[PDB]
């Protein structure tokens, strides 16, 4: 049920160099230097727990951060994170809503609250009309402010994979949650039609016939995580083949893609728990081979409005790549000269200033910059 494509409210995009995405939180205000860094990205999602130890709440920390970004670069697009079912902390208005309205939280068929794996974070019962209205208004009100361009909707997949809630609250309640989810996304599709809606939705799933593409009709694009984390008995290569296919199709349909890929395992060095975390050599040859590989996966998929983030977590103060620009982000890229060519697990693609070769079996790639 995709809408006719209208790019009026889309972020800036250029093929000149790597198109980059930022997805970030910090417990206190960003420094001036950090704001300048954020404002250099074309598309930024502000996560939950947004500077709440400076501004008292995520709502106020989001407003302050977005204002500061826009004053440095008013062309940067800023999205507000919102989880559609998990009642995470540090939203002052959510705390008040739940305090005053305990019936807003999700219960199992034995009338017990159900929780995330930490045993303490509960869920919104979005089947209840007043919860739907509270949640929708909270998103619409924040997006209507001058420095927020849209919203990042999270936990779509927890709604849509039936076992996630059916194992907690039963089969019928899962279907009711899903029905209400669709109602709520229909509401946002209309109310935010002059804004951006990005969702955490494309994902290799045995339950999804089209690996999330069938759910993109509500959204201007998808964020990607778990993209190289195989499951379901599939090999790493098999799993990436399906994710690449889905991402290519979505990107070629004009949807925004924000592909996140973790470097945490390539940076970890067995330090930082009971000793100082050893400074990572960001020029390390092996680390840069990993950057090449992950960027090759992205470039095999990318179209206009595709953006990449190679991250060490979304908390700014605990990320080894915070404030850093890899050399691969500065080199001339240029527009594609064709689609990727797939031969088994080997992919190639040509850009005006770059040739990409990717082997998913060996988890190696070459970026030959021209």
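Residue numbers count along the first chain shown, from 1.
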Once average C-alpha B-factors are taken from the entry for 15 to 23 and 355 to 363, the winner is 355 to 363
Mean Cα B-factor check, 261 to 269 vs 72 to 80, entry values; winner is 261 to 269
When the entry's CA B-factors for 178, 275, 96, 149 are compared, the highest one belongs to 275
From 133, 154, 225, 279, the top C-alpha temperature factor is at 279
Chain-relative C-alpha B factor for residue 44 (record values, thirds): the lowest
Residue 164: CA B-factor among chain residues, third -> lowest
Temperature factor at the Cα of residue 235, chain-ranked in thirds, falls in the highest
Assert third(CA B-factor, residue 303) within chain per record equals lowest
Residue 319: CA B-factor among chain residues, third -> middle
